[PDB]
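*Asks:*
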Amino acid sequence: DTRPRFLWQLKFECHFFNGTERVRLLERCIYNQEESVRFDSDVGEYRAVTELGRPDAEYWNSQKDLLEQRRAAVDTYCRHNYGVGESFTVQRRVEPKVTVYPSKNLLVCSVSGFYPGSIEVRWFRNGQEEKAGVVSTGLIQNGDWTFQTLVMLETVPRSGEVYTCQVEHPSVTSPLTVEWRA
Amino acid sequence: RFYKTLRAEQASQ
Amino acid sequence: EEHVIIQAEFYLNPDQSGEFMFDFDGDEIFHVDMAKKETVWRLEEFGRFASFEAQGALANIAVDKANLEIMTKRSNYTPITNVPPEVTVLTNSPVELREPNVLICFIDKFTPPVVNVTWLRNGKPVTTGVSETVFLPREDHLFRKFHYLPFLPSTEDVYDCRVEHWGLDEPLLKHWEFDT
Ligand SMILES: *[C@@H]1O[C@H](CO)[C@@H](O)[C@H](O)[C@H]1NC(C)=O
Numbered sequence: 378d379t380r381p382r383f384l385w386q387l388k389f390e391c392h393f394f395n396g397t398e399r400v401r402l403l404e405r406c407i408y409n410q411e412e413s414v415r416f417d418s419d420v421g422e423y424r425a426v427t428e429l430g431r432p433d434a435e436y437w438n439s440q441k442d443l444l445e446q447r448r449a450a451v452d453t454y455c456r457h458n459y460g461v462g463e464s465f466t467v468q469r470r471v472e473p474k475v476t477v478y479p480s481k482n483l484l485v486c487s488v489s490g491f492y493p494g495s496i497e498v499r500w501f502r503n504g505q506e507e508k509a510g511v512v513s514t515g516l517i518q519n520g521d522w523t524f525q526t527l528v529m530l531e532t533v534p535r536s537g538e539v540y541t542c543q544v545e546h547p548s549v550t551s552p553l554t555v556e557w558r559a
Numbered sequence: 068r069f070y071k072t073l074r075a076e077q078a079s080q
Numbered sequence: 040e041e042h043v044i045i046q047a048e049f050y051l052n053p054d055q056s057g058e059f060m061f062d063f064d065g066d067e068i069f070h071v072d073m074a075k076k077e078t079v080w081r082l083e084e085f086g087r088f089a090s091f092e093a094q095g096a097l098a099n100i101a102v103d104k105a106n107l108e109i110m111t112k113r114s115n116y117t118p119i120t121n122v123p124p125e126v127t128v129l130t131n132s133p134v135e136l137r138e139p140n141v142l143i144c145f146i147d148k149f150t151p152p153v154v155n156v157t158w159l160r161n162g163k164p165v166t167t168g169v170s171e172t173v174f175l176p177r178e179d180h181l182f183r184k185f186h187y188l189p190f191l192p193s194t195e196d197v198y199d200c201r202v203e204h205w206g207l208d209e210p211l212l213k214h215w216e217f218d219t
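Line order of the protein sequences matches chains A, B and C. In terms of this note's numbering, the first sequence opens at residue 378 and continues consecutively. In terms of this note's numbering, the second sequence opens at residue 68 and continues consecutively. In terms of this note's numbering, the third sequence opens at residue 40 and continues consecutively.
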């Protein structure tokens with residue numbers, strides 16, 4: 378299909394810092410791939426980002442009920458919607474499945490199926506932390522409310538050497554430890 | 068509890 | 040920061056395809072099915088602890104369609120430049136023989152939000168057991184999407200993810216097979 382396409386996106390972004398202490402609303406209108414106009418609660422009015430957005434920022438700012446409604450939305454909408462799903466979003470905890478395996482020479486630590494994305498993975502060689510030669514895939518979001526990470530250790534293991542992968546996550550009270558002997 | 072929808076606004080004609 | 044909740048909607052012409060969805064830290068809470076005019080929760084649990092009135096979502100889409108038609112004229116009919124996707128095939132967990140797993144096709148950094156994704160099991164299209172997500176938003180104003188294929192790790196099977204997008208000249212085929 379070679380026919381031209383015209384796309385319009387509307388986004389309301391509620392950004393929460395220290396629970397619901399500080400909240401910020403961001404209304405963004407995007408024509409094709411260029412954001413044209415926006416309402417930032419920290420500013421208090423519609424602002425044109427591109428020339429295309431100038432009639433809208435001008436039009437929407439002339440409507441007092443809009444500016445009234447949008448200035449209060451951090452409480453009526455953002456703080457409301459955060460409470461609506463707090464127990465299964467903010468309070469969601471899924472314990473990761475930790476697996477250590479060699480993949481040549483590299484020693485892989487697979488941490489999968491966890492929630493939230495906030496994780497710490499530490500490698501150890503005979504009880505001592507090995508910070509150098511550590512390479513991660515980063516945090517992989519699988520799109521089903523679980524994450525995964527792969528934390529590799531560049532090492533040519535000597536016999537008798539015990540490698541340890543230590544994982545720390547909000548889901549567990551104490552760190553998850555997986556051992557691997559050469 | 069119900070999720071709230073923020074109403075889209077009609078643009079400059 | 041700590042958390043971000045996004046109400047993301049789009050309308051696309053001439054396709055006449057709209058979308059309304061909620062995102063919590065990148066992950067879809069729900070979307071509104073435009074045909075069935077009803078709320079589709081990402082995980083069933085969400086439907087048991089929260090509720091939604093989809094007519095508000097469908098009213099927003101009518102406005103998005105109306106505003107797209109205004110912007111189309113205003114921009115002197117400037118169309119979208121196709122941005123082709125970055126395709127990645129990966130598994131949900133480390134692969135073990137005969138242990139059920141899920142193949143993920145991550146289609147990222149693309150626009151407009153229109154793709155054909157097909158899973159191929161030994162060259163033939165597997166149209167059964169598959170699932171997908173809606174077009175998820177990005178900060179660069181492009182889309183991301185995921186396609187899933189629950190499978191049983193085998194030594195005698197090969198998989199391919201076939202992605203077709205208008206920004207690509209030929210289909211993008213991403214391979215996966217069990218190693219060692
Ligand atoms: C999807 O498949 C149909 C098959 O006829 C094709 O014509 C169409 O262009 C495809 N869409 C995309 C986005 O590639």
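Don't be surprised by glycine CBs; every beta carbon is placed ideally from N, CA and C.
Thinking C-alpha only, which one of C:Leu191, C:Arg201, C:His70 is nearest C:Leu159?
*Replies:* Comparing Cα-Cα distances from C:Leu159 to each of C:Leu191, C:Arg201, C:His70, the minimum goes to C:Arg201.
*Asks:* If you follow the alpha helix (DSSP H) that C:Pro189 is part of, which residue opens it and which one closes it?
*Replies:* First-last for C:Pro189: 182-190, but that is the beta strand (DSSP E), not the alpha helix (DSSP H).
*Asks:* Roughly how many angstroms separate the alpha carbons of C:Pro189 and A:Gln525, rounded to a whole number?
*Replies:* So the alpha carbons of these two residues sit roughly 17 angstroms apart.
*Asks:* Quick one, which of C:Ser56, C:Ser90, C:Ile143, C:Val165 has its alpha-carbon nearest C:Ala101's?
*Replies:* Measuring from the Cα of C:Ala101, the nearest candidate turns out to be C:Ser56.
*Asks:* DSSP three-state call for C:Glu67: helix, strand or coil?
*Replies:* C:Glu67: strand per DSSP, three-state reduction.
*Asks:* If A:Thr427 sits next to A:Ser439, beta carbons under 8 angstroms apart, how far is it from one beta carbon to the other, in whole angstroms?
*Replies:* No, A:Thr427 and A:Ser439 are not in contact; Cβ-Cβ is about 19 angstroms, not under 8 angstroms.
*Asks:* Using a C-beta cutoff of 7 angstroms, does residue 318 of chain A count as contacting chain C?
*Replies:* Outside the shown range of chain A (378 to 559) lies residue 318 of chain A, about which nothing can therefore be said.
*Asks:* Around ligand 1, which residues pass a check of Cβ closer than 7 angstroms to any of its heavy atoms?
*Replies:* Every residue passing the under-7 angstroms Cβ criterion appears here: A:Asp378, C:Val153, C:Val154, C:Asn155, C:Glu203, C:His204, C:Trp205.
*Asks:* Give the range of the beta strand (DSSP E) segment to which A:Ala425 is assigned.
*Replies:* Counting along the chain, the beta strand (DSSP E) containing A:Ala425 begins and ends at 423-425.
*Asks:* Of the residues C:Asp147, C:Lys148, C:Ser132, which one's Cα is nearest the Cα of C:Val141?
*Replies:* Cα-wise, what sits closest to C:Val141 is C:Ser132.
*Asks:* With burial defined as no fewer than 16 other Cβ atoms inside 10 Å of the residue's Cβ, what is the status of A:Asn458: buried or exposed?
*Replies:* Buried.
*Asks:* Cα-Cα, which of C:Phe185, C:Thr120, C:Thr117, C:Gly168 is closest to C:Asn155?
*Replies:* Out of C:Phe185, C:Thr120, C:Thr117, C:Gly168, C:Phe185 has the C-alpha closest to the C-alpha of C:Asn155.
*Asks:* Looking only at C-alpha atoms, which of C:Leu211, C:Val122, C:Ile146 sits nearest to A:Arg382?
*Replies:* The shortest C-alpha separation from A:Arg382 is found at C:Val122.
*Asks:* Measure the C-alpha to C-alpha separation of B:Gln80 and C:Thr157 and round it to an integer number of angstroms.
*Replies:* Cα to Cα, B:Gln80 sits roughly 41 angstroms from C:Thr157.
*Asks:* Can you tell me which of A:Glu422, A:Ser418, A:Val485, A:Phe465 puts its alpha carbon nearest to the alpha carbon of A:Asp452?
*Replies:* Closest by alpha carbon: A:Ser418.
*Asks:* Against C:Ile109, what residues of chain B qualify as contacts under a CB-to-CB distance less than 8 angstroms, listed in chain order?
*Replies:* By Cβ distance, chain B contributes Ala78, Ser79, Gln80.
*Asks:* Can you pull the chain C residues whose beta carbon is under 7 angstroms from the beta carbon of A:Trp385, in chain order?
*Replies:* Chain C residues near A:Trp385: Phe49, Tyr50, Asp103, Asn106, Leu107, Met110.
*Asks:* Going along the chain, which unbroken runs of the alpha helix (DSSP H) with 4 or more residues stay wholly within the stretch 59-145 of chain C?
*Replies:* Listed in chain order, the complete alpha helix (DSSP H) runs (minimum 4 residues) inside the stretch 59-145 of chain C are 83-88, 93-113.
*Asks:* Please return the same chain residues whose Cβ sits closer than 7 angstroms to the Cβ of C:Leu207, not counting the five positions on each side in sequence.
*Replies:* Contacts found: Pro123.
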